[PDB]
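Chain by chain, the residues:
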Amino acid sequence: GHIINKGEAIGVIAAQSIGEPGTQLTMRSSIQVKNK
Amino acid sequence: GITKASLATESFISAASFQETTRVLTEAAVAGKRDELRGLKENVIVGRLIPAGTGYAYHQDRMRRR
Amino acid sequence: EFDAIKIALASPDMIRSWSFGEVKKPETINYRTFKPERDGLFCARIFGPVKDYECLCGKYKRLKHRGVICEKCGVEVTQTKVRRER
Amino acid sequence: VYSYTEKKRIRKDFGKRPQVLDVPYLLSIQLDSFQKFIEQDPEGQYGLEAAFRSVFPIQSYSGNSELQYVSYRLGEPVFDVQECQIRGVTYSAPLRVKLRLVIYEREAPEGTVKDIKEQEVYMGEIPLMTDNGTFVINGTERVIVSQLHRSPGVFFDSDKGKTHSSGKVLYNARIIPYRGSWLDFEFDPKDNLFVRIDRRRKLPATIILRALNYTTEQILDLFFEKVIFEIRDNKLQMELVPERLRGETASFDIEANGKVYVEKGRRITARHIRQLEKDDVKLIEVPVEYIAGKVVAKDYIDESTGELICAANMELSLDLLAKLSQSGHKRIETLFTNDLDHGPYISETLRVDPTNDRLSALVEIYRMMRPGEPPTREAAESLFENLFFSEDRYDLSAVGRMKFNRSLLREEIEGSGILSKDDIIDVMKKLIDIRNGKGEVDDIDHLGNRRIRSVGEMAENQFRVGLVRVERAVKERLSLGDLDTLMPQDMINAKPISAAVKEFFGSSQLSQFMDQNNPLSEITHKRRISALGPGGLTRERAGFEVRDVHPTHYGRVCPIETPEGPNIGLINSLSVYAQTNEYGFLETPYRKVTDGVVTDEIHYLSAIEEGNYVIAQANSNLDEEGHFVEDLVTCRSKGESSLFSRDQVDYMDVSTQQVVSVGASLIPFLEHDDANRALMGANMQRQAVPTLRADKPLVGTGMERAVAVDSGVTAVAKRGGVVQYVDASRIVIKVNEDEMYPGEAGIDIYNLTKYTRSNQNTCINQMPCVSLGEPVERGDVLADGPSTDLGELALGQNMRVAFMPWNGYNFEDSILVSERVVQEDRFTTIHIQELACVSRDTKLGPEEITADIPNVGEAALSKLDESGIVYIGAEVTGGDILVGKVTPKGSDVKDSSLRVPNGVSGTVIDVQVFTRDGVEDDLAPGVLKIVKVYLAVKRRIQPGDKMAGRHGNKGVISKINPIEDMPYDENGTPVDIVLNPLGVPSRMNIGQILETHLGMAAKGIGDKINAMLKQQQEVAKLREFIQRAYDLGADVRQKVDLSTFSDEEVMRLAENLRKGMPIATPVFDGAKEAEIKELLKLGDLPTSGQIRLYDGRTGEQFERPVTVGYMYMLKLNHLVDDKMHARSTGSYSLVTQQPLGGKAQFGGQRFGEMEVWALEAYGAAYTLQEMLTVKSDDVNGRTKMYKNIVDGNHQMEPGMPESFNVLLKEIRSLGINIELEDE
Amino acid sequence: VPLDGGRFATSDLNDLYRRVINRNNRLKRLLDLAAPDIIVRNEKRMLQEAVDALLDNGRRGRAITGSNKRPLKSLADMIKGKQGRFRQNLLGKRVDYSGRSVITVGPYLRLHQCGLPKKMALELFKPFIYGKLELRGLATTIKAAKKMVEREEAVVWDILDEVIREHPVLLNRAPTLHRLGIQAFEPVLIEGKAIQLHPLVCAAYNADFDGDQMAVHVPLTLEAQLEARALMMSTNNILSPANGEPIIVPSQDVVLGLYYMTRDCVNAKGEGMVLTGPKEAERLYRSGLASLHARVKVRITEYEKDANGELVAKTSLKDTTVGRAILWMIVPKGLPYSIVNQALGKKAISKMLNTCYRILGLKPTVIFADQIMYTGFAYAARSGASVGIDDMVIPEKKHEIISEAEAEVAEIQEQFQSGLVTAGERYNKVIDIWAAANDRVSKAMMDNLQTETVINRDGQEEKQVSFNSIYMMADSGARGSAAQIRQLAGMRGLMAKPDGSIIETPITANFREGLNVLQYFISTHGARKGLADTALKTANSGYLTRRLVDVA
DNA sequence: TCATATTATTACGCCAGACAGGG
DNA sequence: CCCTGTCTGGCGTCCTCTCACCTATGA
RNA sequence: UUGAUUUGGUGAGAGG
Ligand SMILES: [Mg+2]
Ligand SMILES: [Zn+2]
């Protein structure tokens, strides 16, 4: 819940968290307003 | 880009555990390069404490006592 | 214990300083027995004795004179893992 | 009428469509191919005779001797198949070839030879095929798998997008020979035509035309049509056929006959072409700016001065016209280079060409092919005249000539094997036509463009390699031949043919070890069509489209049985009805439809024929005459499933099984499963272990009979008759007189193969299913093999399954099993392990087979004889001694005595010993002490095994409950196995539920018959209920003729039905749902398929009634006590100091790269430090750690890993000085 | 080293060094003999190529080979590649004190502990058992202890339960992608041969139970036991590091047990009776006097912590059901009652655990995750939530929708015979009307499933959401979506051929009706493309993770 | 047994990176 | 001399399990 | 001082 501690490797957890959902991803007129 | 950026590092073991080792070892050899270890995979190669986790206090101590 | 790893080119004086003996003959081993080749790729004098603290051919079968090299053996006298670093 | 094991238990067969063609013999690819290879077939095609008629008669280079051929033969094998598997020899036959040497005098092409000699020489041994489609190569039983490769003959491929990065298409054209050099033509983005041979350097393609003795004018005659400029009254008028103006801009004034036809500015329309053809317009006067860009066709020379005006293929300017007009050449031939249609590709290639005549063309081709070594007239001419034009080194086969004439729209289909001039010119013309627009490319996945190699073709190609090596040897010996002192074995040598053919049958990518744990798995490894192998594509490179299913797979290749993983769709399995074409393509049956009436004649088609016709669907309703009952029917025209009229169709599908294979047509309710789960279901159904008690799928498809017969695991009777039944050793069948030969009085004695090792350590065992004094017919079964029950196919067993969550024990895919499954031994399978012990003479004398085992005390001499080797049969486990096999001088004596591996038990079932002549036999030399001991573990079932149904419902059996805690219905019976309903909405394999309900109905009929027969009734009520059970519902094919079963065959049938009435639900024409409900109403079961169930724990009802039924669940051979492994400390490798890998090596787990990244992701710096230094590699660290642990001090003294110092020495062993710096 | 036999399987570097030395000896002898120029040029050139082949083989023209045509492996090929020293022996190592076996469930576990077999436990903990045996005094030398555990006497199992007790192990599923794929548990010994793994933790490992295998690793030293307990313990990983979402979300059986428990029906046993607490709500459910879903006024006492760290009790009567009170007996103190007052699908139970973690911290969220899993499994067992053939209700309007679409394609093709419209506009009109008919069939079956139950209470009828089994498996979010339940009842859309363009004739038959032959073949097009995509996609996904953790 | 020393197939798909060609 | 096809090198997922097969020559 | 060979390398197939 708190801030990142002095030390915790954030590059590796970040790289794993971007590359880990790599399996779930796939591989292969004019303007009309909506609200008011 | 990420593979050109991890192969262009100031630590040739970090850039040799990754892709092509021939290019990086000849560049480091003819440059006379030196690897002040200072990262995670140099210390996973050379067999010591990671300078991130629990070993960050150990590397604070070793960097303080130089 | 140690800081940075340094990589550089290998001078011929540096390669002769690494070395422990010139590997002449290409003959690997005897192949009909168990002995190697003197003095080929897998030498005795250039590297070390196969057996720990033993002259491979015949002298020193106890723990007293670790090092003597007779002319009949042309062999060093150290550990089994000594050849892995030489 | 039925045969006598058909009246034993006749399966209730749903299915409305009457089948017209019965299933072909499922191993016919392997058997027909190898029967083509070895057969004495005169007229030469195909076989070994083709090899001998290609290689023979050998004549040397005018050496005046010519060894010719007569006849060949194969003698008896010296070892029959059983003792061949036991001994370890190949199952081969000696190839006795008659050879007739005749030797000439001087000057005898026509003269009679001076002497002859002739003998039945011996070359090689070829491995024969066993009657089931297998080989026995070195003791082990292997299978050659049929390849799927590109056909010989031209292919026009496009590669439309990726090259040039500009959206400009290319068009290449590959002439693929069956044997020889590859010739490819290809455009380049400058619109120039390029040739390349064998993927070498790129030559501009018309040089090959200049290599075929074509001048430039002949080439321009071929690839261009002439436009005639006549020198006339003024401005050098033009012959103009109006076709050439199609779609271009009128640059000048188009007028003739005193009338202005088309003015400048407007494009020429086809109405203007009609105006010029109606007005008969040919000759029109052109401006001088029209000829100022055109190109001359042929050469012209100034007549009086005697020199050249212009070379052929030269563009024209006005001063060039002033040169040629004043000389006296009145006709000017120009090349019509239409920018829309008729492009100038050959002409611009001629402008790229650095050559001018034939000789420089051949010198440039020779400098392409073989570089460095000089290009002389004889050498380059011999090269190019033997590239494509000699019968030796270039040979399009009959398949290649058929595809080559078919892709060029030639009339004939048979021709010569080599190419010619006209063939290369036609390939270039069709390629140019495809560039212009007319005609189109070919695709490579189209199974009319994709041939099958099989066993006979591959072995014939390897045998031809061996024969050309032995003919080079015969040409060697003959020119050095002295006569008459040699007879034809100083010339010929049996070594290269045997070496090549054992190289293929032993170490090839397709001669591979047979998946033998199951009759299904044998019969579906023999019917396999691999895209891999030599000359084909690889696993790790290609691709997307060759891994995908193409609309020509309908009825040739199974769409759904392909292994998941790294090779999907490369390892396709062949369909049920699909034969192989004469040329090797895949032809499938269809029913010929002349008019409204669909005729019962069949007719086979391949994919290059299936496109032209219109082919109906298998299930389209036709009633009593063959007329389609609708006026419109779903068909498919050219790979496009579309709706056509009642009377347009020319063919109909034969039967509705024909799309899928014999692995995935055994799955009932296939049409309700998803495609993915049918794939996983068929691929797991190959993997089932044979249980100890075979048990008859209640919901089958009726294809169990054909698979269990056609795979040779059951002892099908050769000649019908009665029986004598000694049987302890062999079934003895007395033969009826009509099938019995006049001499050779003769009674057939069948050998039953009792408990023995399969290739997957399962147990292949045959048991007699006929009694004594009982009639059998020809083709009937006598002995049930592994996983068979009265001639049917019983892979797994049928068990009572509830669909509900039960207290979490079946959470993701787990399966919760009662104790009644494990008490009855109804999955307790039998595994057999062969263990060898040899006492080779490594060094310091030979090793020895004696009980006088050392250091070890009376814990060695125990399960053995009074003085050596495991006795016969006890309950040996792990750490025992089987064969005392230890040497002296190896105190200094040691224990190599082959023991029992860690964790296994068993009974020594057999001990074989063809040892070093002295143990106190037939085998090879070298090896001395040869003791093989056959254990047989009996593995039951346990928490951790893997079971699965037929639909893709995998499961690891989690809890083995007691009988009491099971969910019992109100009748009192516990349910056997609880599965999980949550798998069913996601994994859309809804067929397991209909199998569950229909199996519930099947056992409902079985319980009803078991009541009517246990509470025993006279047979009138049984035959009435059996007749009601076999009528049941819609219009079907079975009904029964039950009142002709002699009042005893009703009772024997009802004895074999009291475990449940077996129901055939065929593949796509299966049982509908209303018939399941109606069959559940014949039995006294509730119509919904769902019974209220109480709980065995609490005794109180589950709310909302649950599904109970019988699913046919299989035990796959992924058993948990072959996977459980642990390591604290043992042995390591040599080079590295890290632990070994595997289970058979007692090794530890590879803590790989992503686990190191996962420990770096935490703060696990100390866990990782011991994970890669102390636990793995550093030798001082691990010995200090083991002593620190056993002292009671959890503390590591790390040090440096050894493999990093190995890295330092391997890097340092280059010219690299890597070091370790300051303290 | 020699293999099993009488010959030496020699390495490739010995071939390389032996050739360089053979050539160097030849070159020294030729420079002794004073051979002419072209001989010693070829000799030195062969030595140059031999040295260049030793160092980095194959960088020069076609690489040399010994047996048979495969090139032999040089020094640079001992360094580079996937199988060099970096990627195969220095970044990843093989590891002692490690084990591997097939996993299975065991739902009795608390989420900090896992089941571990006795045979694997006695093999992985041999040195700790040796140290314990030597401490007691039962034996003397180390040999005696190795004979004792080789025999497995009656006293080493107490030694084993005294070395296990507070010693975590690292469980690891074999494709570890993120850091939640290595988690540390405490062992509980198992009669068996399969690792029993707590079910909630499975959603972190991507571990189903269809034949999976996991590796166990033992933290040897004392700092590693403390890192396994304080950083890598499974109670410590309850939030995914990629975001803020909880990773110990209850997966599939337990959300069905909750969705059947906290729901309602318009008449049951004990409709509209009043209850003095949740304890007698469970007592009325167990004795057989009310139903699990029967709407009822209860008196619950929710603790709202509105002060500064002080829990204030407020008790009131909530109009709720019986099941919501029974599930309120498990909720900790601080959460309000409205977290269970709704129907509790999967998103709602995930935000229940998330609000418990944000308010009450870690320890009530761990014990409440376990109590959620236990009560979900127990009432899913009591539910008897099967799946039948009658549960997939075919729309009665489905056949008329298909006939109206068939009349529309008949009109478009009758215009195509008379050439009024273009071919691309015909193909577009056919794909548009089959998309519209597909959406109408899906709405017909979705009405026919989501409100099919119509039961009266004391008079005229009144409708409600259905207790159909496949609809609770879809609406709960356990397993299933709109598309999968659509393909089991309504038509399964317009499948596409591998050309990338769609096919104008759809698959009008679902799976409860039978697919005929052509429709299944078009289905196999669509599914073979998906299997090929996953089995080739995984390589690029793994190589992307590698490039990312080596740039980081 | 103990030194002698290397030749007659093609059928991936990008994607950077270096190189001779030419307006 | 700045674009440019063209050619050459260098990537291409982790973990596990089962089986078989291993240079010729030679007075 | 009380004992021993696969890793090496290829090919084929399988599991998650
Ligand atoms: Mg799985
Ligand atoms: Zn000595």
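Residues numbered from 1 in each chain as written, not as in the entry; some residues may be left out. Chains lettered and ligands numbered in written order. Part of a larger assembly, values for the part shown. Heavy atoms only, no water.

In the PDB header, cryo-EM is given as the technique by which the entry was determined, and 9.9 Å as its resolution.

According to the UniProt record, the Function comment for chain D reads "DNA-dependent RNA polymerase catalyzes the transcription of DNA into RNA using the four ribonucleoside triphosphates as substrates." According to its UniProt record, chain D has this under Sequence similarities: "Belongs to the RNA polymerase beta chain family." (UniProt positions renumbered as here; feature names shortened; annotations may be inferred.)

A. The overall build of chain E, seen in detail. Broken down by element type, chain E carries 20 helices and 12 strands. Here chain E has a C-alpha radius of gyration of 35 Å; the compact-globule value for 552 residues is 24 Å, and the former is much larger. If one aligns the C-alpha atoms of chain E with their principal axes, the spans along those axes are about 120 × 95 × 50 Å. Looking at chain E as a whole, 52% of its 552 residues are labelled buried. When the accessible area of chain E is evaluated, it comes to approximately 25,200 Å², of which 50% is carbon and sulfur surface. Between the averaged position of the 75 positive side-chain charges in chain E and that of its 62 negative side-chain charges there is a distance of 8 Å. (Helix = DSSP H or I, 4+ residues; strand = E, 2+ residues; numbered from the N terminus. Rg over C-alpha atoms; globule rule 2.2 N^0.38 Å. Buried < 20%, exposed > 50% of the residue type's maximum accessible area, 1.4 Å probe, protein only. Areas by Shrake-Rupley, 256 points an atom, 1.4 Å probe, with all protein chains shown as cover. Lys, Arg positive; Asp, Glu negative; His and termini not counted. Charge placed at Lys NZ, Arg CZ, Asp CG, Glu CD.)

B. Looking closely at the interface of chain E and chain D. Each side of the interface is counted separately: chain E has 138 residues, and chain D has 142 residues. Summed over both partners, the interface of chain E with chain D comes to about 12,500 Å²; 59% of that surface belongs to carbon and sulfur atoms. One can count 9 salt bridges joining chain E with chain D. For the interface between chain E and chain D, the tally reads 48 residue pairs in polar contact. (Contact = heavy atoms within 4.5 Å. Buried area = accessible area lost by both parts, 1.4 Å probe. Salt bridge = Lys/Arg side-chain N within 4 Å of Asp/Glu carboxyl O. Polar contact = N/O pair within 3.5 Å; in protein donor to acceptor, adjacent residues only side chain to side chain.)

C. Structural view of the coordination of the magnesium ion (ligand 1). Looking at the magnesium ion (ligand 1), the protein donor atoms are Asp208 of chain E (OD), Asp208 of chain E (OD), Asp210 of chain E (OD) and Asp210 of chain E (OD), and they sit 2.0 to 2.4 Å from it. Taken as a pair, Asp208 of chain E and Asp210 of chain E share a single burial class, namely buried. (Donors = N, O, S within 2.8 Å, 3.2 Å for Na, K, Ca; no water.)

D. Summary view of the protein's contact with DNA strand F. Residues in close proximity to DNA strand F total 18 residues, the closest being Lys4 of chain B, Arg32 of chain C, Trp182 and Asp198 of chain D together with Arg23 of chain E. Here DNA strand F approaches the protein such that, of its atoms within 4 Å, sugar and phosphate make up 41%. Interatomic distance of 2.6 Å between a side-chain N/O atom of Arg199 of chain D and a phosphate oxygen of DNA strand F. Classifying every residue of the surface near DNA strand F gives 2 nonpolar, 3 polar and 13 charged. (Near = heavy atom within 4 Å. Nonpolar A, V, L, I, M, F, W, Y, C, P; charged D, E, K, R; others polar.)

E. Region of the structure containing the sheet that holds strand β10 (residues 312-320) of chain E. Residue and element names in this part refer to chain E. A sheet is described by the order of its strands in space; here 3 strands give the open sequence β8-β9-β10, paired in mixed fashion. Two strands lie at the open edges of the sheet, namely β8 (274-275) and β10, each paired on one side alone. One ladder, built from 2 bridges, connects β8 with strand β9 (residues 296-304); its direction is parallel. Within β9, the position partnered with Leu275 by the bridge is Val298. (Pairing = 2+ DSSP bridges.)

F. Region of the structure containing the coordination of the zinc ion (ligand 2). Protein ligation of the zinc ion (ligand 2) involves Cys55 of chain C (SG) and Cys70 of chain C (SG), the donor distances falling in the range 2.7 to 2.8 Å. Taken together, the positions of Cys55 of chain C in the segment after α1 (12-18) and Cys70 of chain C in the segment after α1 put the pair 15 residues apart, joining distant regions of the chain.

G. Molecular detail of the environment of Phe1068 of chain D. Mapped onto the elements, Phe1068 of chain D comes out in the loop between β47 (1063-1064) and α24 (1073-1082). Taking the C-alpha atoms as reference, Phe1068 of chain D lies 24 Å from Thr1107 of chain D; in sequence the two are 39 residues apart. Ignoring any residue separated from it by four or fewer positions in sequence, one finds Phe1068 of chain D in contact with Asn619, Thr656, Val659, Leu670 and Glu671 of chain D together with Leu515, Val517 and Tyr520 of chain E.

H. Layout of empty space enclosed by the protein. If you add up the space inside the largest cavity, you get close to 170 Å³. What lines the largest cavity is a set of 13 residues, among which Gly639 and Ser641 of chain D together with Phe521, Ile522 and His525 of chain E lie closest to the centre. Class assignment of the residues belonging to the lining of the largest cavity gives a composition of 7 nonpolar, 3 polar and 3 charged. When the residues that make up the lining of the second largest cavity are grouped by side-chain class, the tally is 6 nonpolar, 3 polar and 5 charged. (1 Å grid on protein atoms, 1.4 Å probe; cavity = no way out; pocket = protein on both sides within 12 Å on 5 of 7 lines; lining within 4 Å. Points joined across faces, edges and corners; volume = space filled by probe spheres on them.)

I. How the structure looks around the packing of aromatic side chains. Counted under the stated rule, the structure contains 28 aromatic pairs over all chains. Ring geometry for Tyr554 of chain D versus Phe521 of chain E: centroids 5.8 Å apart, planes at 85°, classification edge-to-face. You can see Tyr554 of chain D sitting in the loop between β24 (529-530) and β25 (588-592) and its partner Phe521 of chain E sitting in helix α20 (residues 517-551), one on each of two chains. The exposure classification of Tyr554 of chain D matches that of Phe521 of chain E, with both residues buried. Here the aromatic cluster, defined as three or more aromatic residues joined through ring pairs, consists of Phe34, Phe37, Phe52, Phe56, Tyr69, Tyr72, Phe135, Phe463, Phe504 and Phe505 of chain D. Cation over ring: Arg28 of chain A sits above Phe544 of chain D, and NZ or CZ is 4.7 Å from the ring centre. Of note, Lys202 of chain D hangs over the ring of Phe194 of chain D, and the distance from its end group to the ring centre comes to 5.3 Å. (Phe/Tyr/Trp six-rings, centres within 6.5 Å; stacked < 30°, edge-to-face > 60°. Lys NZ or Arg CZ within 6 Å of the ring centre and 35° of its normal.)

J. Examining the protein's contact with DNA strand G more closely. Taken together, 23 residues form the shell around DNA strand G, and within it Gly1142, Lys1143 and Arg1150 of chain D together with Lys82 and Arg94 of chain E come nearest. Counting only atoms of DNA strand G within 4 Å of the protein, the fraction found in sugar and phosphate groups is 77%. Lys1143 of chain D places a polar main-chain atom, nitrogen or oxygen, 3.1 Å from a phosphate oxygen of DNA strand G.

K. Looking closely at the pairing of β9 of chain E. Residue and element names in this part refer to chain E. Of the crossover connections in this fold, the one passing from β8 over helix α12 (residues 278-287) to the parallel β9 is right-handed. For β9 and β10, the ladder comprises 9 bridges, and the chain directions are antiparallel. For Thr301, the partnering residue across the bridge sits in β10 and is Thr315. (Right-handed = clockwise from strand over helix to strand, strands pointing away.)

L. Representation of the pattern of salt bridges within the structure. All names here are of chain C. Considering all chains together, one arrives at 100 salt bridges over all chains under this definition. Linking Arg86 and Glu76 is a salt bridge whose minimum nitrogen-to-oxygen distance equals 3.1 Å. Taken together, the positions of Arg86 in the segment after α1 and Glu76 in the segment after α1 put the pair 10 residues apart, joining distant regions of the chain. Owing to a relative accessible area of 26%, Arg86 belongs among the partly exposed residues under this scheme. Overall, the relative accessible area of 24% leaves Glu76 in the partly exposed class.

M. Seen up close, helix α1 (residues 10-19) of chain A. When we look at burial in α1 of chain A, the residues that qualify are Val12, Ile13, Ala15, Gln16, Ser17 and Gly19 of chain A. On the buried face of α1 of chain A, the contacting elements are α3 (40-45) of chain B, α25 (1153-1161) of chain D together with α20 of chain E.

N. A look at the sheet that holds strand β7 (residues 141-144) of chain D. All names here are of chain D. As summarised here, the arrangement of the 3 strands in space is β6-β7-β23, forming an open sheet in which the pairing is antiparallel. What marks the edges here is a single partner per strand, and that holds for β6 (135-136) and β23 (511-513). Bridge count for β6 against β7 is 2 bridges, and the pairing is antiparallel. Bridge pairing in β7 places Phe135 opposite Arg142.

O. Main features of a negative patch on the surface. Residues and elements named next belong to chain D. Negative charge collects at one region of the surface, where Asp233, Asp253, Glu255, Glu263 and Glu285 lie side by side. Inspection of the secondary structure puts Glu263 in the loop between β17 (259-262) and α6 (270-278). Here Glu263 falls in the exposed class, since its relative accessible area comes to 54%. (Patch = residues over 30% accessible without salt bridge, like charges linked within 9 Å, V, L, I, M, F, W, Y side chains within 5 Å.)

P. Region of the structure containing the interface of chain C and chain E. With 9 residues of chain C at the contact, the number on the chain E side is 8 residues. Both sides of the chain C and chain E interface together cover about 670 Å² of buried area, and 69% of this is carbon and sulfur. By the criterion of area lost to chain E, the three top residues of chain C are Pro26, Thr28 and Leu41 of chain C, representing 54% of everything that side buries. The interface formed by chain C and chain E holds 1 salt bridge in total. The salt bridge partner of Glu22 of chain C is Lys28 of chain E, with a shortest N-O separation of 3.8 Å. Between the two partners, chain C and chain E, sit 0 residue pairs in polar contact. Looking at the side of chain C that touches chain E residue by residue, the classes come out as 5 nonpolar, 1 polar and 3 charged.

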